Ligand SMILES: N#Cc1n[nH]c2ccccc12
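Starting off, we have a lone chain in the form solved without the ligand, written out as structure tokens.
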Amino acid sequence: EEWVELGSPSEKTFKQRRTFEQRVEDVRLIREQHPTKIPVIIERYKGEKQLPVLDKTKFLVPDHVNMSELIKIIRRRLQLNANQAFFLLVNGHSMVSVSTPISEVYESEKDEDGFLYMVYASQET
């Protein structure tokens, strides 16, 4: 009654922090200026406690990079021990084809907004 609570207590994902048309606009600008890159959002699964939070959320991935190279890149950015379990979920599932360019993966897995969303965790769910 005395103090007014603003916003919602829970951390918002990227998708949740931006309007659908903001997102669609962000992608337009990327496809226009970085036409050989794929726009990828990369977030730590909500309940995660073994893995650190990435420094950044918004990435541009060269068409040619495959999922296994991406996994290795993110493991290194996060400075993981080689023994630490790590999964990179694309729409809630690990990708089977880890040697196909992300430009191809993008065509099957991209969101309606044009972004490709990934979530990393120490369990595969």
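Heads up, when I say rigid core I mean the largest set of C-alphas that superpose within 1.5 Å between the two forms. Numbers for residues come from their place in the sequence shown, where the first is 1.
Q: Could you check whether 14-22 or 111-119 drifts more from the shown form in 9 other deposited structures of this protein, using RMS Cα distance once the core is superposed?
A: Greater root mean square C-alpha distance in 9 other deposited structures of this protein: 14-22.
Q: Regarding 60-68 and 95-103, which shows the higher C-alpha temperature factor on average in the entry?
A: Per the deposited B-factors, the answer is 95-103.
Q: Comparing 86-94 with 36-44, where is the mean C-alpha B-factor higher?
A: Higher mean C-alpha B-factor: 86-94.
Q: Check where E11 lands among this chain's C-alpha B-factors and tell me if it's the lowest, middle or highest third.
A: As the PDB entry reports it, the C-alpha B-factor of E11 lands in the highest third of its chain.
Q: Once the chain's modelled residues are ordered by C-alpha B factor and cut into thirds, is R75 in the lowest, middle or highest one?
A: As the PDB entry reports it, the C-alpha B-factor of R75 lands in the lowest third of its chain.
Q: Using the temperature factors of the C-alpha atoms in this entry, rank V4 within its chain: lowest, middle or highest third.
A: Ranked within chain, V4 CA B lands in the highest tercile.
The following text describes the form deposited with the ligand bound, which does not appear among the structures shown.
Q: Is there a non-hydrogen atom of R77 within 4.5 angstroms of a non-hydrogen atom of the ligand in the entry with it bound?
A: Yes, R77 lies within 4.5 Å of the ligand in the entry with it bound.
Q: Taking heavy atoms and a 4.5 Å cut-off, does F59 contact the ligand in the entry with it bound?
A: Answer yes; at least one heavy atom of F59 falls within 4.5 Å of the ligand in the entry with it bound.
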